[PDB]
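To keep things clear, I will list the structure first and then write my remarks on it.
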Amino acid sequence: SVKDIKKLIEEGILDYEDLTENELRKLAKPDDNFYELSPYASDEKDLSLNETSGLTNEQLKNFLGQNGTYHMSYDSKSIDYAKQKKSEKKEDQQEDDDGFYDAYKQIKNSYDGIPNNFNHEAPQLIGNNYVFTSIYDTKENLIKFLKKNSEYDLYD
Amino acid sequence: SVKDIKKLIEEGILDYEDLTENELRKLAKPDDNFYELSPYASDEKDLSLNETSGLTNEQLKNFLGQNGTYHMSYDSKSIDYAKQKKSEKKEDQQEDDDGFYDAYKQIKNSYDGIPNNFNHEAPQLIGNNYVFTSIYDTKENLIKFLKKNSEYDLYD
Amino acid sequence: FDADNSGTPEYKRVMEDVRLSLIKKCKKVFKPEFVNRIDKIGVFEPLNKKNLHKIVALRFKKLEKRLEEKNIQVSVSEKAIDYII
Amino acid sequence: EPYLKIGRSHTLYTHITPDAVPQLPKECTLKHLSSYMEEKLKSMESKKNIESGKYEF
């Protein structure tokens, strides 16, 4: 009957099918940590923005659109510029951790509708209603419930 | 009758002509290492992409097309730029051993339909059907079989 | 460090190159008169799980020896060594 | 020798097809040389490093 207690009983006794409509609505709303103020974020190396990106050329896009028997699509100036400046940063990169320890975490967050440095609870539309998930509580057993069982019928 | 055992008998007793249609189909399918997850690749120095490449000029291509009694075709700016930046550092730190041992490996992989850093099993159309080969098991005696004997008739 | 379980000659190419550089490093720091006076010089390899399976194994024989006042015998499975590593 | 005759041959470039070109012998395609370099280093390279440091009489 309370938001916090039901997920402690989901492993023990009761399943997901027997919850109330007001209990499924409450378990998909965010927790009490949402609305609690915490103005701090870290690790501003996001894979969302590309530093190599540039404007639409509008002359190349005219040339690539006419199919022109060409041999290269992109501009390759700013993406060779980023390759050259990477040569001198140092061994300080410690590569493939940002490749692995930080790429695969931010990819899995983008599957849950979560931004990359976003440490809080994030919505994603499942069927007809929204489910607020985060990095910490992924609510994966609810997403299995509201996709499978809620194909034909309606729940709020 | 099993995919793995027949290639141990190809050297010993039986040839390639006496296999079943379902045995030739199975021996050209990939092994059990295919579908097994292994997310790691190394040595990202591929000869597939050229860093010296540039866009179609569309004014030079207009000028070279009219046959113009000219004396040089390409642009030679980015390919002298790569020659200059090689001399600024190559003389700092390199013994090569890569022009030999990384060029000829990646060329032989491109005759088998394999990408350059690709450590897994890759298809190539031989006659009417596909044969999945890799770096490790080249399946060269099958390619001799399905090119020579399968000129006129059909096998799956 | 991460991979030493290979017995490939690629390590032996690296193993000789770092030994010859430490000879130059001992020749500069450790007073090159020492170099021709000292006999055969050996660089120890960084250890791997093939060696470490036996290195952990001798310790439990030493654990029996310091418990001889207490007479507590200890024996360790081959699965248990790899979990410790 | 067979390749030299075609350059002297008074044919247009439009009539030079893959058929008119004789195939190279198998040594001359890169395939062979490429497969030569599967062998010629890789096997021979570790023959240099074997027997290097055993020293025994």
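Residues in the structure tokens are named by chain (A, B, ... in the order shown) and by number from 1 within that chain; ligands are numbered from 1 in the order shown.
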Rotate and translate chain B onto chain A via least squares on all in-order Cα pairs, then write the result as a PDB file with C-alpha atoms, in the first residue's frame.
```pdb
ATOM      1  CA  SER B   1      -0.205  -0.014  -0.012  1.00  0.00           C
ATOM      2  CA  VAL B   2       2.910   2.168   0.329  1.00  0.00           C
ATOM      3  CA  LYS B   3       5.297   2.778  -2.595  1.00  0.00           C
ATOM      4  CA  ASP B   4       8.425   1.536  -0.826  1.00  0.00           C
ATOM      5  CA  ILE B   5       7.107  -1.633   0.790  1.00  0.00           C
ATOM      6  CA  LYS B   6       5.667  -3.416  -2.270  1.00  0.00           C
ATOM      7  CA  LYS B   7       8.996  -3.912  -4.037  1.00  0.00           C
ATOM      8  CA  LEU B   8      10.299  -5.683  -0.928  1.00  0.00           C
ATOM      9  CA  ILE B   9       7.417  -8.157  -1.270  1.00  0.00           C
ATOM     10  CA  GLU B  10       7.852  -8.733  -5.024  1.00  0.00           C
ATOM     11  CA  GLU B  11      10.706 -11.173  -4.449  1.00  0.00           C
ATOM     12  CA  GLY B  12       9.088 -12.907  -1.481  1.00  0.00           C
ATOM     13  CA  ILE B  13       5.394 -13.660  -1.874  1.00  0.00           C
ATOM     14  CA  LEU B  14       3.255 -11.729  -4.346  1.00  0.00           C
ATOM     15  CA  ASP B  15       3.666 -11.280  -8.098  1.00  0.00           C
ATOM     16  CA  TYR B  16       3.007  -8.252 -10.293  1.00  0.00           C
ATOM     17  CA  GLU B  17      -0.408  -9.290 -11.623  1.00  0.00           C
ATOM     18  CA  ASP B  18      -2.301  -8.843  -8.354  1.00  0.00           C
ATOM     19  CA  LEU B  19      -1.481  -5.172  -7.694  1.00  0.00           C
ATOM     20  CA  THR B  20      -4.086  -2.423  -7.562  1.00  0.00           C
ATOM     21  CA  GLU B  21      -4.417   0.175 -10.332  1.00  0.00           C
ATOM     22  CA  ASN B  22      -3.435   2.796  -7.748  1.00  0.00           C
ATOM     23  CA  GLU B  23      -0.509   0.577  -6.745  1.00  0.00           C
ATOM     24  CA  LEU B  24       0.787   0.181 -10.307  1.00  0.00           C
ATOM     25  CA  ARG B  25       0.400   3.931 -10.760  1.00  0.00           C
ATOM     26  CA  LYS B  26       2.334   4.598  -7.558  1.00  0.00           C
ATOM     27  CA  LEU B  27       5.139   2.160  -8.362  1.00  0.00           C
ATOM     28  CA  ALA B  28       5.759   3.880 -11.727  1.00  0.00           C
ATOM     29  CA  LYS B  29       5.852   7.384 -10.211  1.00  0.00           C
ATOM     30  CA  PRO B  30       9.285   8.521  -8.985  1.00  0.00           C
ATOM     31  CA  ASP B  31      10.466   7.996  -5.427  1.00  0.00           C
ATOM     32  CA  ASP B  32      10.904  10.525  -2.635  1.00  0.00           C
ATOM     33  CA  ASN B  33      14.472  11.212  -3.781  1.00  0.00           C
ATOM     34  CA  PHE B  34      12.807  12.997  -6.675  1.00  0.00           C
ATOM     35  CA  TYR B  35      11.837  16.550  -5.465  1.00  0.00           C
ATOM     36  CA  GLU B  36      14.813  16.408  -3.046  1.00  0.00           C
ATOM     37  CA  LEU B  37      17.345  19.039  -4.015  1.00  0.00           C
ATOM     38  CA  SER B  38      20.854  17.924  -4.975  1.00  0.00           C
ATOM     39  CA  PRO B  39      22.683  20.336  -7.325  1.00  0.00           C
ATOM     40  CA  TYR B  40      25.798  18.352  -8.274  1.00  0.00           C
ATOM     41  CA  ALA B  41      26.803  16.479 -11.425  1.00  0.00           C
ATOM     42  CA  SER B  42      30.159  15.068 -12.495  1.00  0.00           C
ATOM     43  CA  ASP B  43      32.044  13.403 -15.374  1.00  0.00           C
ATOM     44  CA  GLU B  44      31.058  15.782 -18.181  1.00  0.00           C
ATOM     45  CA  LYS B  45      32.355  13.484 -20.926  1.00  0.00           C
ATOM     46  CA  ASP B  46      29.111  12.636 -22.690  1.00  0.00           C
ATOM     47  CA  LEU B  47      28.741  10.633 -25.887  1.00  0.00           C
ATOM     48  CA  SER B  48      25.656  12.677 -26.786  1.00  0.00           C
ATOM     49  CA  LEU B  49      27.446  15.651 -28.349  1.00  0.00           C
ATOM     50  CA  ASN B  50      29.999  15.152 -31.113  1.00  0.00           C
ATOM     51  CA  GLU B  51      32.849  17.654 -31.091  1.00  0.00           C
ATOM     52  CA  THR B  52      33.676  16.764 -34.703  1.00  0.00           C
ATOM     53  CA  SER B  53      30.326  17.988 -36.006  1.00  0.00           C
ATOM     54  CA  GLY B  54      29.783  20.856 -38.405  1.00  0.00           C
ATOM     55  CA  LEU B  55      27.107  22.758 -40.259  1.00  0.00           C
ATOM     56  CA  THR B  56      25.240  21.669 -43.348  1.00  0.00           C
ATOM     57  CA  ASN B  57      27.449  22.670 -46.258  1.00  0.00           C
ATOM     58  CA  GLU B  58      24.477  23.290 -48.663  1.00  0.00           C
ATOM     59  CA  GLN B  59      26.871  22.940 -51.640  1.00  0.00           C
ATOM     60  CA  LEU B  60      28.062  19.463 -50.714  1.00  0.00           C
ATOM     61  CA  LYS B  61      24.475  18.499 -49.851  1.00  0.00           C
ATOM     62  CA  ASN B  62      23.515  19.786 -53.295  1.00  0.00           C
ATOM     63  CA  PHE B  63      26.343  17.727 -54.794  1.00  0.00           C
ATOM     64  CA  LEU B  64      25.649  14.551 -52.839  1.00  0.00           C
ATOM     65  CA  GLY B  65      21.949  14.724 -53.658  1.00  0.00           C
ATOM     66  CA  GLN B  66      22.439  14.501 -57.416  1.00  0.00           C
ATOM     67  CA  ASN B  67      24.204  11.098 -56.935  1.00  0.00           C
ATOM     68  CA  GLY B  68      27.149  12.385 -58.984  1.00  0.00           C
ATOM     69  CA  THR B  69      29.163   9.054 -59.106  1.00  0.00           C
ATOM     70  CA  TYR B  70      31.131  10.339 -56.088  1.00  0.00           C
ATOM     71  CA  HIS B  71      33.535   8.537 -53.770  1.00  0.00           C
ATOM     72  CA  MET B  72      33.167  10.186 -50.339  1.00  0.00           C
ATOM     73  CA  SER B  73      30.154  11.625 -48.506  1.00  0.00           C
ATOM     74  CA  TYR B  74      31.332  13.495 -45.399  1.00  0.00           C
ATOM     75  CA  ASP B  75      33.737  16.409 -45.137  1.00  0.00           C
ATOM     76  CA  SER B  76      36.592  14.662 -43.230  1.00  0.00           C
ATOM     77  CA  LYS B  77      38.318  17.882 -42.152  1.00  0.00           C
ATOM     78  CA  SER B  78      37.103  18.090 -38.568  1.00  0.00           C
ATOM     79  CA  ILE B  79      37.272  14.327 -38.093  1.00  0.00           C
ATOM     80  CA  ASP B  80      40.902  14.237 -39.168  1.00  0.00           C
ATOM     81  CA  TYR B  81      41.521  17.310 -37.001  1.00  0.00           C
ATOM     82  CA  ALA B  82      40.263  15.377 -33.973  1.00  0.00           C
ATOM     83  CA  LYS B  83      42.433  12.409 -34.944  1.00  0.00           C
ATOM     84  CA  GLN B  84      45.530  14.615 -35.152  1.00  0.00           C
ATOM     85  CA  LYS B  85      44.963  16.377 -31.818  1.00  0.00           C
ATOM     86  CA  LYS B  86      44.359  13.006 -30.158  1.00  0.00           C
ATOM     87  CA  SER B  87      47.780  11.761 -31.274  1.00  0.00           C
ATOM     88  CA  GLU B  88      49.580  14.893 -30.051  1.00  0.00           C
ATOM     89  CA  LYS B  89      48.591  14.144 -26.443  1.00  0.00           C
ATOM     90  CA  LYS B  90      47.103  10.613 -26.121  1.00  0.00           C
ATOM     91  CA  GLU B  91      50.641   9.299 -26.434  1.00  0.00           C
ATOM     92  CA  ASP B  92      51.573  11.773 -23.711  1.00  0.00           C
ATOM     93  CA  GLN B  93      49.122  10.718 -20.989  1.00  0.00           C
ATOM     94  CA  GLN B  94      46.281   8.207 -21.252  1.00  0.00           C
ATOM     95  CA  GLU B  95      45.445   4.660 -20.361  1.00  0.00           C
ATOM     96  CA  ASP B  96      41.990   4.240 -21.768  1.00  0.00           C
ATOM     97  CA  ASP B  97      39.642   2.026 -19.650  1.00  0.00           C
ATOM     98  CA  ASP B  98      36.913   4.460 -20.691  1.00  0.00           C
ATOM     99  CA  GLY B  99      36.022   2.949 -24.057  1.00  0.00           C
ATOM    100  CA  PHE B 100      35.153   0.074 -21.809  1.00  0.00           C
ATOM    101  CA  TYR B 101      33.149   1.236 -18.730  1.00  0.00           C
ATOM    102  CA  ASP B 102      31.920   4.617 -19.941  1.00  0.00           C
ATOM    103  CA  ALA B 103      30.584   3.838 -23.416  1.00  0.00           C
ATOM    104  CA  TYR B 104      28.438   0.828 -22.499  1.00  0.00           C
ATOM    105  CA  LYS B 105      27.006   2.512 -19.407  1.00  0.00           C
ATOM    106  CA  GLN B 106      25.827   5.512 -21.408  1.00  0.00           C
ATOM    107  CA  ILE B 107      24.445   3.328 -24.194  1.00  0.00           C
ATOM    108  CA  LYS B 108      22.308   1.300 -21.765  1.00  0.00           C
ATOM    109  CA  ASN B 109      21.029   4.539 -20.229  1.00  0.00           C
ATOM    110  CA  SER B 110      19.890   5.698 -23.666  1.00  0.00           C
ATOM    111  CA  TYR B 111      17.681   2.623 -23.982  1.00  0.00           C
ATOM    112  CA  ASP B 112      16.000   3.593 -20.715  1.00  0.00           C
ATOM    113  CA  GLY B 113      15.388   7.211 -21.730  1.00  0.00           C
ATOM    114  CA  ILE B 114      18.066   8.521 -19.381  1.00  0.00           C
ATOM    115  CA  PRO B 115      20.624  11.208 -20.297  1.00  0.00           C
ATOM    116  CA  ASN B 116      24.269  10.356 -19.937  1.00  0.00           C
ATOM    117  CA  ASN B 117      25.285  12.183 -16.756  1.00  0.00           C
ATOM    118  CA  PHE B 118      21.765  12.053 -15.356  1.00  0.00           C
ATOM    119  CA  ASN B 119      21.796  10.542 -11.868  1.00  0.00           C
ATOM    120  CA  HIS B 120      18.052  10.881 -11.247  1.00  0.00           C
ATOM    121  CA  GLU B 121      14.814   9.200 -12.213  1.00  0.00           C
ATOM    122  CA  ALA B 122      13.772   9.373 -15.857  1.00  0.00           C
ATOM    123  CA  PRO B 123      10.530   8.578 -17.685  1.00  0.00           C
ATOM    124  CA  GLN B 124       9.897   6.304 -20.640  1.00  0.00           C
ATOM    125  CA  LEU B 125       6.548   5.616 -22.280  1.00  0.00           C
ATOM    126  CA  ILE B 126       5.554   1.965 -21.910  1.00  0.00           C
ATOM    127  CA  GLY B 127       2.290   1.262 -23.667  1.00  0.00           C
ATOM    128  CA  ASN B 128      -0.098   4.006 -22.590  1.00  0.00           C
ATOM    129  CA  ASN B 129       1.577   5.443 -19.481  1.00  0.00           C
ATOM    130  CA  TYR B 130       5.012   6.534 -18.280  1.00  0.00           C
ATOM    131  CA  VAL B 131       7.436   4.655 -16.030  1.00  0.00           C
ATOM    132  CA  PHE B 132      10.076   6.628 -14.136  1.00  0.00           C
ATOM    133  CA  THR B 133      13.312   4.617 -14.014  1.00  0.00           C
ATOM    134  CA  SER B 134      16.870   5.557 -13.106  1.00  0.00           C
ATOM    135  CA  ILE B 135      20.355   4.118 -13.219  1.00  0.00           C
ATOM    136  CA  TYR B 136      19.989   2.767  -9.700  1.00  0.00           C
ATOM    137  CA  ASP B 137      16.511   1.185  -9.797  1.00  0.00           C
ATOM    138  CA  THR B 138      16.023   0.072 -13.365  1.00  0.00           C
ATOM    139  CA  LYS B 139      12.452  -1.225 -12.696  1.00  0.00           C
ATOM    140  CA  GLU B 140      13.083  -3.933 -15.275  1.00  0.00           C
ATOM    141  CA  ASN B 141      10.478  -6.339 -13.896  1.00  0.00           C
ATOM    142  CA  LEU B 142       7.815  -3.655 -14.304  1.00  0.00           C
ATOM    143  CA  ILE B 143       8.817  -3.055 -17.934  1.00  0.00           C
ATOM    144  CA  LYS B 144       8.428  -6.789 -18.515  1.00  0.00           C
ATOM    145  CA  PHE B 145       4.973  -6.508 -16.938  1.00  0.00           C
ATOM    146  CA  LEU B 146       3.639  -3.421 -18.716  1.00  0.00           C
ATOM    147  CA  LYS B 147       4.863  -4.539 -22.141  1.00  0.00           C
ATOM    148  CA  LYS B 148       3.763  -8.187 -22.088  1.00  0.00           C
ATOM    149  CA  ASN B 149       0.479  -8.091 -20.186  1.00  0.00           C
ATOM    150  CA  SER B 150      -0.560  -4.612 -21.348  1.00  0.00           C
ATOM    151  CA  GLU B 151      -0.590  -5.398 -25.090  1.00  0.00           C
ATOM    152  CA  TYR B 152      -4.361  -5.621 -25.455  1.00  0.00           C
ATOM    153  CA  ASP B 153      -5.832  -4.119 -22.282  1.00  0.00           C
ATOM    154  CA  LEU B 154      -5.367  -0.846 -20.415  1.00  0.00           C
ATOM    155  CA  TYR B 155      -3.702  -0.051 -17.090  1.00  0.00           C
ATOM    156  CA  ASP B 156      -2.911   3.255 -15.433  1.00  0.00           C
TER     157      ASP B 156
END
```
Select from region 3-113 of chain A everything DSSP, run on the backbone, classes as helix (DSSP H, G or I), then give the selection as a PyMOL selection string.
-> chain A and resi 3-9+21-28+60-65+78-87+91-93+97-100+103-109
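Shell of residue 46 (chain D) at 12 Å, with only C-alpha atoms counted and residues fewer than 2 places along the chain excluded, is residues 7, 8, 9, 10, 11, 12 and 13 of chain C; 39, 40, 41, 42, 43, 44, 48, 49, 50, 51 and 52 of chain D.
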Chain A: which residues are strand (DSSP E or B) by DSSP, as a VMD selection string?
-> chain A and resid 122 to 126 129 to 133
Take the selection from the previous step and output its residues with N, CA and C atoms, as a short mmCIF file (atom, residue, chain, number, x, y, z; two decimals), in the first residue's frame.
```
data_model
loop_
_atom_site.label_atom_id
_atom_site.label_comp_id
_atom_site.auth_asym_id
_atom_site.auth_seq_id
_atom_site.Cartn_x
_atom_site.Cartn_y
_atom_site.Cartn_z
N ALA A 122 14.21 9.00 -14.52
CA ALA A 122 13.91 9.42 -15.88
C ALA A 122 12.75 8.63 -16.46
N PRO A 123 11.84 9.29 -17.18
CA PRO A 123 10.67 8.59 -17.71
C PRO A 123 10.94 7.94 -19.05
N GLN A 124 10.11 6.95 -19.35
CA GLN A 124 10.06 6.31 -20.65
C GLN A 124 8.66 5.74 -20.84
N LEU A 125 8.09 5.97 -22.02
CA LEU A 125 6.71 5.59 -22.29
C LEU A 125 6.67 4.10 -22.58
N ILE A 126 5.95 3.36 -21.74
CA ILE A 126 5.74 1.93 -21.90
C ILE A 126 4.26 1.70 -22.12
N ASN A 129 1.33 4.52 -20.57
CA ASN A 129 1.74 5.39 -19.49
C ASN A 129 3.26 5.40 -19.34
N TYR A 130 3.74 6.30 -18.49
CA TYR A 130 5.17 6.51 -18.29
C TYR A 130 5.68 5.77 -17.07
N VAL A 131 6.94 5.34 -17.13
CA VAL A 131 7.61 4.66 -16.04
C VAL A 131 8.91 5.39 -15.75
N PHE A 132 9.05 5.90 -14.54
CA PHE A 132 10.24 6.66 -14.15
C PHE A 132 11.30 5.70 -13.63
N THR A 133 12.37 5.53 -14.39
CA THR A 133 13.48 4.67 -14.02
C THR A 133 14.74 5.51 -13.87
#
```
Please, which residues in chain D fall within 12 Å of chain B when counting only C-alpha atoms, and what is the closest atom pair and distance in Å to one decimal for each, ordered by chain then residue number, as a Markdown table?
```
| residue | atom | partner | partner_atom | distance |
| --- | --- | --- | --- | --- |
| D:29 | CA | B:111 | CA | 11.5 |
| D:30 | CA | B:108 | CA | 8.5 |
| D:31 | CA | B:108 | CA | 6.9 |
| D:32 | CA | B:108 | CA | 9.5 |
| D:33 | CA | B:104 | CA | 8.5 |
| D:34 | CA | B:104 | CA | 5.6 |
| D:35 | CA | B:108 | CA | 7.1 |
| D:36 | CA | B:104 | CA | 9.3 |
| D:37 | CA | B:104 | CA | 6.5 |
| D:38 | CA | B:105 | CA | 7.2 |
| D:39 | CA | B:105 | CA | 10.9 |
| D:40 | CA | B:101 | CA | 10.3 |
| D:41 | CA | B:101 | CA | 7.8 |
| D:42 | CA | B:101 | CA | 8.3 |
| D:45 | CA | B:101 | CA | 10.7 |
```
